[PDB]
file entry04.cif (mmCIF, C-alpha atoms and all ligand atoms)
data_coords
loop_
_atom_site.label_atom_id
_atom_site.label_comp_id
_atom_site.auth_asym_id
_atom_site.auth_seq_id
_atom_site.Cartn_x
_atom_site.Cartn_y
_atom_site.Cartn_z
CA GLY A 8 64.83 76.46 94.81
CA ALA A 9 68.36 77.03 93.42
CA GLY A 10 72.13 76.20 93.79
CA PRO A 11 75.30 78.37 94.09
CA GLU A 12 76.92 79.75 90.88
CA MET A 13 80.14 78.17 89.50
CA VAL A 14 82.70 79.79 87.12
CA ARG A 15 85.57 77.40 86.16
CA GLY A 16 84.97 74.52 88.59
CA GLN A 17 84.97 76.92 91.55
CA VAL A 18 82.12 77.97 93.88
CA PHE A 19 81.59 81.69 93.21
CA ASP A 20 78.71 82.00 95.64
CA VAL A 21 77.52 85.59 95.50
CA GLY A 22 73.78 85.24 94.65
CA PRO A 23 70.91 86.03 94.70
CA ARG A 24 71.90 89.76 94.55
CA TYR A 25 74.79 89.23 92.04
CA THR A 26 74.14 87.13 88.89
CA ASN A 27 75.31 86.58 85.26
CA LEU A 28 78.96 86.07 86.18
CA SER A 29 81.93 86.41 83.80
CA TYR A 30 85.44 85.26 84.68
CA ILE A 31 87.91 88.24 84.62
CA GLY A 32 91.14 86.77 86.06
CA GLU A 33 92.76 85.67 89.32
CA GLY A 34 95.71 85.85 91.73
CA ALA A 35 97.43 83.54 94.29
CA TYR A 36 94.38 83.26 96.64
CA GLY A 37 91.49 84.73 94.62
CA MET A 38 89.31 84.36 91.48
CA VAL A 39 87.98 87.76 90.12
CA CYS A 40 84.65 88.01 88.17
CA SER A 41 82.19 90.57 86.97
CA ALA A 42 78.53 90.12 87.95
CA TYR A 43 75.20 91.94 87.45
CA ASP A 44 74.15 93.68 90.68
CA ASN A 45 70.35 93.23 90.86
CA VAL A 46 69.94 96.10 93.41
CA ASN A 47 72.03 98.84 91.77
CA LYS A 48 71.33 97.40 88.26
CA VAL A 49 75.00 97.67 87.13
CA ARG A 50 77.71 95.16 86.45
CA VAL A 51 80.29 95.05 89.34
CA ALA A 52 83.65 93.37 90.08
CA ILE A 53 83.80 90.58 92.68
CA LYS A 54 87.06 89.18 94.13
CA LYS A 55 86.81 85.77 96.00
CA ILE A 56 89.19 85.69 99.01
CA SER A 57 89.98 82.42 100.90
CA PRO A 58 92.68 83.49 103.43
CA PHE A 59 91.85 81.53 106.62
CA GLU A 60 94.57 78.77 106.01
CA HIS A 61 97.69 81.10 105.98
CA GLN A 62 98.14 83.91 108.56
CA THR A 63 99.94 86.10 105.91
CA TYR A 64 96.80 85.87 103.71
CA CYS A 65 94.71 86.90 106.81
CA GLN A 66 96.99 89.86 107.68
CA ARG A 67 96.91 91.04 104.03
CA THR A 68 93.09 90.61 103.70
CA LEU A 69 92.36 92.43 106.96
CA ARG A 70 94.86 95.28 106.31
CA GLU A 71 93.28 95.99 102.93
CA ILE A 72 89.68 95.70 104.18
CA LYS A 73 90.34 98.17 106.99
CA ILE A 74 92.22 100.61 104.74
CA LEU A 75 89.70 100.61 101.83
CA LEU A 76 86.67 100.99 104.15
CA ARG A 77 88.32 104.02 105.87
CA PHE A 78 89.51 105.65 102.64
CA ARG A 79 87.15 107.58 100.38
CA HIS A 80 88.70 109.08 97.21
CA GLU A 81 87.90 109.16 93.48
CA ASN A 82 91.36 107.74 92.63
CA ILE A 83 91.28 104.86 95.12
CA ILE A 84 89.10 101.79 94.65
CA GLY A 85 86.45 101.39 97.37
CA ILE A 86 84.50 98.46 98.73
CA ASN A 87 80.74 98.54 97.78
CA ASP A 88 79.78 95.29 99.49
CA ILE A 89 81.27 92.23 101.25
CA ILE A 90 79.67 88.76 101.02
CA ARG A 91 80.28 86.11 103.66
CA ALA A 92 78.48 83.52 105.78
CA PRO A 93 76.42 84.78 108.75
CA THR A 94 78.66 83.01 111.39
CA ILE A 95 82.42 82.50 111.93
CA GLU A 96 81.94 78.73 111.83
CA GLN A 97 80.25 78.86 108.40
CA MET A 98 82.56 81.54 107.01
CA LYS A 99 85.09 80.06 104.57
CA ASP A 100 85.37 82.63 101.78
CA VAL A 101 84.88 86.40 101.67
CA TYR A 102 83.70 88.16 98.48
CA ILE A 103 84.68 91.80 97.96
CA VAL A 104 82.37 93.80 95.67
CA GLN A 105 83.94 96.82 93.92
CA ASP A 106 83.24 99.17 90.98
CA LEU A 107 83.81 97.40 87.65
CA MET A 108 86.68 98.87 85.68
CA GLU A 109 87.48 98.24 81.99
CA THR A 110 91.10 97.26 82.47
CA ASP A 111 94.38 97.93 84.30
CA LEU A 112 97.51 99.82 83.22
CA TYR A 113 99.53 96.58 82.91
CA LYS A 114 97.11 95.20 80.26
CA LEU A 115 96.81 98.59 78.63
CA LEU A 116 100.63 98.96 78.36
CA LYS A 117 101.11 95.54 76.76
CA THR A 118 98.53 96.39 73.95
CA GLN A 119 98.31 100.29 73.62
CA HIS A 120 100.58 103.26 72.87
CA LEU A 121 99.78 106.15 75.23
CA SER A 122 99.53 109.69 73.93
CA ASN A 123 101.28 112.37 76.03
CA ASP A 124 97.86 113.62 77.16
CA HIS A 125 96.99 110.08 78.47
CA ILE A 126 100.36 109.81 80.26
CA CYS A 127 99.84 113.24 81.79
CA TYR A 128 96.33 112.48 83.02
CA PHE A 129 97.21 109.03 84.40
CA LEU A 130 100.22 110.42 86.26
CA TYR A 131 98.04 113.26 87.66
CA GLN A 132 95.41 110.79 89.01
CA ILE A 133 98.11 108.44 90.47
CA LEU A 134 99.66 111.36 92.41
CA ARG A 135 96.26 112.79 93.44
CA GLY A 136 95.37 109.34 94.89
CA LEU A 137 98.84 109.05 96.41
CA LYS A 138 98.54 112.49 98.10
CA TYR A 139 95.47 111.19 99.97
CA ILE A 140 97.11 107.86 100.93
CA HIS A 141 100.27 109.63 102.18
CA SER A 142 98.21 112.31 104.05
CA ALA A 143 96.69 109.41 106.08
CA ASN A 144 100.32 108.40 107.02
CA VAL A 145 99.91 105.24 104.92
CA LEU A 146 102.39 103.77 102.40
CA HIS A 147 101.01 101.73 99.53
CA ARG A 148 104.31 99.85 99.02
CA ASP A 149 103.28 97.98 95.83
CA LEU A 150 102.44 100.58 93.15
CA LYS A 151 102.79 99.00 89.73
CA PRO A 152 100.75 99.07 86.47
CA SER A 153 98.60 96.02 87.47
CA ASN A 154 97.45 97.89 90.67
CA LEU A 155 96.06 100.79 88.66
CA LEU A 156 92.60 100.24 87.28
CA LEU A 157 91.06 102.24 84.40
CA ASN A 158 87.44 102.74 83.33
CA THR A 159 86.36 103.32 79.65
CA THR A 160 86.94 107.12 79.95
CA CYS A 161 90.48 106.65 81.43
CA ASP A 162 89.72 107.59 85.06
CA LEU A 163 92.18 105.82 87.30
CA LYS A 164 91.78 104.02 90.64
CA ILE A 165 94.59 102.66 92.87
CA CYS A 166 93.92 99.14 94.18
CA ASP A 167 95.65 96.40 96.24
CA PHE A 168 96.53 97.67 99.72
CA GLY A 169 97.66 94.23 100.99
CA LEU A 170 101.28 95.35 101.51
CA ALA A 171 100.37 98.79 102.85
CA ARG A 172 101.86 100.03 106.11
CA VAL A 173 101.75 103.02 108.38
CA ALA A 174 104.76 105.18 107.68
CA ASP A 175 107.66 104.80 110.21
CA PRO A 176 110.58 106.94 109.07
CA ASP A 177 112.60 106.50 112.36
CA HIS A 178 112.65 102.70 112.01
CA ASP A 179 113.50 102.64 108.28
CA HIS A 180 117.16 101.46 108.62
CA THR A 181 118.34 97.91 108.05
CA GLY A 182 121.41 96.12 106.71
CA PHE A 183 122.56 95.28 103.20
CA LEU A 184 120.51 92.79 101.10
CA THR A 185 117.49 92.61 103.55
CA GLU A 186 114.78 90.42 102.00
CA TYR A 187 111.76 92.36 100.74
CA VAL A 188 108.18 91.52 99.76
CA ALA A 189 107.07 94.17 97.18
CA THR A 190 107.35 93.80 93.39
CA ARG A 191 110.99 93.77 92.27
CA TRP A 192 110.89 96.07 89.21
CA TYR A 193 109.34 98.99 91.22
CA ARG A 194 111.66 98.66 94.26
CA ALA A 195 113.66 101.78 95.13
CA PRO A 196 117.48 101.38 95.28
CA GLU A 197 117.55 101.93 99.06
CA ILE A 198 115.56 98.68 99.68
CA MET A 199 118.54 96.62 98.49
CA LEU A 200 120.98 98.78 100.49
CA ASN A 201 119.65 99.99 103.85
CA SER A 202 115.81 100.54 103.90
CA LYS A 203 112.78 98.64 105.23
CA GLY A 204 110.47 100.63 102.91
CA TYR A 205 108.90 102.55 105.81
CA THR A 206 109.06 106.08 104.23
CA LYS A 207 106.85 107.90 101.71
CA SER A 208 109.84 108.09 99.25
CA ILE A 209 109.37 104.40 98.51
CA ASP A 210 106.06 105.00 96.69
CA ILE A 211 107.41 107.96 94.73
CA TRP A 212 110.14 105.71 93.31
CA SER A 213 107.43 103.26 92.15
CA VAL A 214 105.48 106.15 90.55
CA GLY A 215 108.71 107.19 88.70
CA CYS A 216 109.09 103.62 87.33
CA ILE A 217 105.42 103.64 86.21
CA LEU A 218 105.95 107.01 84.49
CA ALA A 219 108.97 105.61 82.66
CA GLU A 220 107.00 102.53 81.57
CA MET A 221 104.11 104.73 80.25
CA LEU A 222 106.71 106.56 78.11
CA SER A 223 108.08 103.36 76.33
CA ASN A 224 105.62 100.44 77.10
CA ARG A 225 108.53 98.59 78.73
CA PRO A 226 109.53 98.42 82.40
CA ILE A 227 112.53 100.74 82.96
CA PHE A 228 114.46 98.43 85.40
CA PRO A 229 113.42 94.79 84.77
CA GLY A 230 115.74 93.07 87.33
CA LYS A 231 115.73 89.22 87.22
CA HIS A 232 116.73 88.84 90.92
CA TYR A 233 117.30 90.70 94.16
CA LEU A 234 120.69 92.43 93.54
CA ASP A 235 120.19 92.58 89.68
CA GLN A 236 117.48 95.12 90.40
CA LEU A 237 120.14 97.53 91.76
CA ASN A 238 122.40 96.78 88.63
CA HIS A 239 119.58 97.98 86.38
CA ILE A 240 118.96 101.19 88.43
CA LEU A 241 122.64 102.15 88.53
CA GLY A 242 122.91 101.27 84.80
CA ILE A 243 120.71 104.31 84.02
CA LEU A 244 121.28 106.67 86.96
CA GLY A 245 125.03 106.08 86.96
CA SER A 246 127.28 105.68 89.98
CA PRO A 247 126.04 107.46 93.16
CA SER A 248 127.78 110.71 94.03
CA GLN A 249 130.06 111.01 96.99
CA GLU A 250 127.31 112.96 98.82
CA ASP A 251 124.73 110.27 98.28
CA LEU A 252 127.18 107.53 99.47
CA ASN A 253 127.85 109.59 102.62
CA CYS A 254 124.16 109.18 103.60
CA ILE A 255 124.66 105.32 103.40
CA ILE A 256 126.34 104.74 106.76
CA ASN A 257 126.02 100.89 106.70
CA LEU A 258 129.44 99.62 105.59
CA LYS A 259 128.37 96.50 103.69
CA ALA A 260 126.03 98.55 101.56
CA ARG A 261 128.53 101.44 101.02
CA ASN A 262 131.46 99.19 100.18
CA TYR A 263 129.39 97.22 97.71
CA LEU A 264 128.69 100.45 95.87
CA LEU A 265 132.38 101.53 96.06
CA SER A 266 133.38 98.13 94.58
CA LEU A 267 131.55 98.68 91.31
CA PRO A 268 133.17 100.25 88.22
CA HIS A 269 132.17 103.77 87.27
CA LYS A 270 128.86 104.00 85.34
CA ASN A 271 127.72 107.09 83.47
CA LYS A 272 124.23 108.49 83.73
CA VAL A 273 122.14 107.61 80.63
CA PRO A 274 120.36 110.93 79.65
CA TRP A 275 116.56 110.57 80.00
CA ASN A 276 116.00 112.20 76.60
CA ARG A 277 118.25 109.53 74.94
CA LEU A 278 116.27 106.79 76.66
CA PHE A 279 112.95 108.53 75.79
CA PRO A 280 113.44 110.59 72.62
CA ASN A 281 109.71 111.25 71.97
CA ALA A 282 108.84 112.23 75.61
CA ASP A 283 107.81 115.75 76.65
CA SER A 284 110.78 117.53 78.29
CA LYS A 285 108.68 118.43 81.36
CA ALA A 286 107.68 114.74 81.85
CA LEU A 287 111.44 113.87 81.79
CA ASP A 288 112.24 116.66 84.35
CA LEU A 289 109.58 115.21 86.73
CA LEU A 290 110.82 111.64 86.02
CA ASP A 291 114.32 112.70 86.99
CA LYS A 292 113.02 114.13 90.31
CA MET A 293 111.03 110.91 91.14
CA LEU A 294 113.88 108.55 90.14
CA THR A 295 116.46 110.34 92.34
CA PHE A 296 118.91 107.85 93.95
CA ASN A 297 118.94 109.55 97.32
CA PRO A 298 115.46 109.21 98.95
CA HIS A 299 115.91 112.41 101.01
CA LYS A 300 116.41 114.39 97.73
CA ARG A 301 113.54 112.60 95.95
CA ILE A 302 110.48 114.75 95.15
CA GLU A 303 107.44 114.42 97.48
CA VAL A 304 103.87 113.84 96.22
CA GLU A 305 102.63 117.31 96.80
CA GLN A 306 105.69 118.80 94.98
CA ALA A 307 105.22 116.32 92.13
CA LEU A 308 101.60 117.55 91.72
CA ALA A 309 102.84 121.21 91.58
CA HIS A 310 105.42 120.32 88.81
CA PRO A 311 105.00 122.16 85.44
CA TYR A 312 104.23 118.90 83.61
CA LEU A 313 100.94 118.65 85.55
CA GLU A 314 99.92 122.39 85.34
CA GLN A 315 96.77 121.67 83.29
CA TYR A 316 95.37 119.61 86.19
CA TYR A 317 97.07 120.96 89.26
CA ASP A 318 94.47 122.29 91.75
CA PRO A 319 95.33 121.67 95.42
CA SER A 320 91.77 122.63 96.50
CA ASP A 321 90.54 119.67 94.38
CA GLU A 322 93.22 117.25 95.65
CA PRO A 323 91.82 116.19 99.02
CA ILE A 324 93.53 114.70 102.06
CA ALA A 325 92.36 112.24 104.72
CA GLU A 326 90.41 113.64 107.75
CA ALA A 327 92.91 111.83 110.02
CA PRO A 328 96.05 109.56 110.06
CA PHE A 329 95.34 105.82 109.81
CA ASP A 336 101.43 91.84 114.06
CA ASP A 337 101.69 88.55 116.17
CA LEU A 338 97.98 87.59 115.81
CA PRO A 339 97.18 83.92 115.03
CA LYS A 340 94.79 82.77 112.25
CA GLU A 341 91.82 82.50 114.71
CA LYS A 342 92.05 86.05 116.05
CA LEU A 343 92.56 87.29 112.44
CA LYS A 344 89.43 85.33 111.26
CA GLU A 345 87.47 86.93 114.16
CA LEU A 346 88.85 90.32 113.18
CA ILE A 347 87.86 89.83 109.47
CA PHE A 348 84.34 88.63 110.50
CA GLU A 349 84.00 91.77 112.72
CA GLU A 350 85.25 94.27 110.08
CA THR A 351 82.79 92.83 107.43
CA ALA A 352 79.74 92.95 109.77
CA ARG A 353 78.39 96.28 108.45
CA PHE A 354 77.50 94.66 105.07
CA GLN A 355 75.35 91.90 106.52
CA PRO A 356 71.50 91.87 106.26
CA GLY A 357 70.68 92.96 109.84
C1 LIG B 1 88.48 95.40 91.32
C2 LIG B 1 88.41 95.30 89.83
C3 LIG B 1 89.21 94.45 89.10
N1 LIG B 1 89.17 94.33 87.76
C4 LIG B 1 88.28 95.12 87.14
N2 LIG B 1 88.17 95.05 85.77
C5 LIG B 1 89.03 94.47 84.89
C6 LIG B 1 90.43 94.37 84.91
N3 LIG B 1 90.90 93.75 83.85
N4 LIG B 1 89.81 93.44 83.11
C7 LIG B 1 89.97 92.73 81.84
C8 LIG B 1 88.70 93.87 83.71
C9 LIG B 1 87.35 93.67 83.11
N5 LIG B 1 87.42 95.97 87.74
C10 LIG B 1 87.51 96.04 89.07
#
call {"tool": "encode", "arguments": {"input": "entry04.cif", "output": "structure tokens", "more": "lines below"}}
Ligand SMILES: Cc1cnc(Nc2cnn(C)c2C)nc1
result
Amino acid sequence: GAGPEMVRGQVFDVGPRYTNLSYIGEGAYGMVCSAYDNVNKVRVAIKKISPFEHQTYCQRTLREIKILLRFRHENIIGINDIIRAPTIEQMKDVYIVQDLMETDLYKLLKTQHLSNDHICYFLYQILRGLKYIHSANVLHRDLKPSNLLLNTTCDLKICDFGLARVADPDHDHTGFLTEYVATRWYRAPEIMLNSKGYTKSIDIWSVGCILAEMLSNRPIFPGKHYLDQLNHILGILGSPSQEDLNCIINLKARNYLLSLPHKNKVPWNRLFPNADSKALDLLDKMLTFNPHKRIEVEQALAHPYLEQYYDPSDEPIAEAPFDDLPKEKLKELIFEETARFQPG
């Protein structure tokens, strides 16, 4: 006989297939470990999910499961296996089995200086992954260094699709200071002004912020609270032009911007004196105030900075485009979506 494996006073019950566990880290509702896969004879990553108590955990779990099982791309993390009980009644936790990566960009940026060739390659793979996501009419909505995994040879995979949504550009408008879910430092200016984050331009902003942080090892706009985030953006971009204010029809939002003193643009090359001039030209185009003028993913890939990698024939798209449900229907939905990994 035998008993289930334990990590730090936690059931991490993945055996007999997955053994020899090491703690990696965690989040709000999951411990993450590596484990030796006895079938494929490789170490893998396993994330323990326990979402059946909160309906926002269930929504987020299901959304990501569905997206990652549909998606297939070298720059997007997949799901290799899902472990759960054979019945709904006995199902308490779900384990998601994924390729084991060495680290993430957040950890790498706190410890390592990136050469220009590393920055270039990382940015290429982010955008290549993002082209596929956007081609499926999906928005990631939470791109940040900790959601970018790296292997030992610096190949990059996008993870964490829990906040992802289908794009909805005609329902993007909202009022001033609308509360938002995604990570503050990577939030586009429009979120704080008049946007629900339903357009592809929201992810490009986040990629711009990540590019800036790769250049200096420091987040470019570290806001300490909701409206501070906009202070930081305007601090570097300067005051919006008359033309860009004219696109902001909502009066509360517009008049807030008109109330502020004039701020000068901080030149990119002053902020980043050792950066490649082409990297700073692309940065400028991704961190454009006005989301309609902001560069799109496919244009970013065609930018001179990425000419060593750019190859649209090797940058694939999705074959096709990709609520009020209680906890019990969401549990049934999660059970159903994970059925393909069961023995029999
Ligand atoms: C899904 C997933 C999550 N994490 C990893 N690896 C990782 C990240 N940080 N560290 C220290 C390690 C070992 N691999 C895959």
call {"tool": "residues_near_ligand", "arguments": {"input": "entry04.cif", "ligand": "ligand LIG 1 (chain B)", "cutoff": "8 Å", "atoms": "all atoms listed in the file", "output": "list in words"}}
result
residues 31, 32, 39, 40, 41, 51, 52, 53, 54, 84, 104, 105, 106, 107, 108, 109, 110, 111, 114, 156, 157 and 166 of chain A
call {"tool": "residues_around", "arguments": {"input": "entry04.cif", "residues": "residue 353 in chain A", "least_positions_apart": "2", "cutoff": "12 Å", "atoms": "all atoms listed in the file", "output": "VMD selection string"}}
result
chain A and resid 76 86 to 91 93 347 to 351 355 to 357
call {"tool": "atom_distance", "arguments": {"input": "entry04.cif", "atom1": "CA of residue 29 in chain A", "atom2": "CA of residue 42 in chain A"}}
result
6.5 Å
call {"tool": "closest_residue", "arguments": {"input": "entry04.cif", "among": "A:10, A:323, A:23, A:152", "to": "residue 219 in chain A", "atoms": "only C-alpha atoms"}}
result
A:152
call {"tool": "residues_around", "arguments": {"input": "entry04.cif", "residues": "residue 78 in chain A", "least_positions_apart": "4", "cutoff": "9 Å", "atoms": "only C-alpha atoms", "output": "number ranges by chain"}}
result
A: 73-74, 83-85, 139-140, 143, 325
call {"tool": "closest_residue", "arguments": {"input": "entry04.cif", "among": "A:268, A:229, A:298, A:196", "to": "residue 176 in chain A", "atoms": "all atoms listed in the file"}}
result
A:298
call {"tool": "atom_distance", "arguments": {"input": "entry04.cif", "atom1": "CA of residue 324 in chain A", "atom2": "CA of residue 81 in chain A"}}
result
11.7 Å
call {"tool": "residues_around", "arguments": {"input": "entry04.cif", "residues": "residue 279 in chain A", "least_positions_apart": "3", "cutoff": "8 Å", "atoms": "only C-alpha atoms", "output": "JSON, numbers by chain"}}
result
{"A": [222, 223, 275, 276, 282]}
call {"tool": "atom_distance", "arguments": {"input": "entry04.cif", "atom1": "CA of residue 259 in chain A", "atom2": "CA of residue 182 in chain A"}}
result
7.6 Å
call {"tool": "residues_around", "arguments": {"input": "entry04.cif", "residues": "range 214-217 of chain A", "least_positions_apart": "4", "cutoff": "7 Å", "atoms": "only C-alpha atoms", "output": "MDAnalysis selection string"}}
result
chainID A and resid 150:152 193 210 221 227 290 293:294
call {"tool": "residues_near_point", "arguments": {"input": "entry04.cif", "point": "(96.0, 103.7, 89.3)", "cutoff": "6 Å", "atoms": "only C-alpha atoms", "output": "list in words"}}
result
residues 133, 155, 156, 163, 164 and 165 of chain A
